[PDB]
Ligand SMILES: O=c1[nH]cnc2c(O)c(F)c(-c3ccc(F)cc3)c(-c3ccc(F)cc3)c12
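Okay, so here's just one chain, in structure tokens, the form deposited without the ligand.
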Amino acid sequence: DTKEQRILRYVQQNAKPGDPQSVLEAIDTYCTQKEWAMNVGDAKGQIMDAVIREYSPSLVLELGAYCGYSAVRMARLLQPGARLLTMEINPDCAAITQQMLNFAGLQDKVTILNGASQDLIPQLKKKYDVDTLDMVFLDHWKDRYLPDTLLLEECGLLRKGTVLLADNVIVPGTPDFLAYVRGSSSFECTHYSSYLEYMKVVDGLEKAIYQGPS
């Protein structure tokens, strides 16, 4: 069975229920013991944490859930009443993420949406009563970063000050998304280097703050 399910089992077998930190450490510990790169890791975690704290978003959209590590990371730093929406293309991953959130005790703060972001995103306003997003974390298929950013604008889901945080923009790389947010006055960009201690390589995140229709 899948890596994500083995991650879930290890957490459920060892972590402390209702303790987000216990859950994150268990996930990290296991993924290192397995030498699986597919994890966000804790140094990227810090940069996510810093962004979540800085802009204290009331509504966050996450693209890609996987085993739910990033959902747990962000949801634990959401202020009372703030909410997270998470899109995930693989039903099992979505199921695992639900369970991961459950174990962390954070399920009340998150809504998991099943499907392709391209199909789900245009439904956010009508079907999920979204006005606009405060933050968007991009961590799904690298070839969807740019199309979904464009799609979010078209759907009027971004406002002035909406924070896009994009992970893995160097490794494996999203050069198209970078060229667009850095090249357009619609965004203000900050780059964050982040060493991957297992790939032995320098990855990065990009923070792009929407400026409005520009």
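The first residue of the sequence shown is number 1, and the count goes up from there.
Two stretches are in play, 38-46 and 168-176, and the higher mean C-alpha B-factor belongs to 38-46. Comparing 57-65 with 28-36, the stretch with the higher mean C-alpha B-factor in the PDB entry is 28-36. Of the candidates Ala104, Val130, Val110, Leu113, the PDB record gives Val130 the highest C-alpha temperature factor. When the CA B factors of the chain's modelled residues are split into thirds, the value for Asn14 lands in the middle one. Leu8: CA B factor lies in the middle third for its chain, per the PDB record. Annotation for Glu88: C-alpha temperature factor in the lowest third relative to the rest of the modelled chain, per the entry. Split the chain's modelled residues into thirds by C-alpha temperature factor. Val163 is in the lowest one. Ranked by Cα temperature factor within the chain, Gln21 sits in the lowest third according to the deposited record.
The discussion below concerns the form deposited with the ligand bound, not included here.
For the candidate set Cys155, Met38, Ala50, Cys189, a heavy atom within 4.5 Å of the ligand in the deposited bound form is found for exactly one residue, namely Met38. In short, of 99-107, 76-84, 135-143, 122-130 it is 135-143 that has heavy atoms within 4.5 Å of the ligand in the deposited bound form. The ligand in the deposited bound form comes within 4.5 Å of no heavy atom belonging to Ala43. Residues of 69-95 placing a heavy atom within 4.5 Å of the ligand in the deposited bound form: none.
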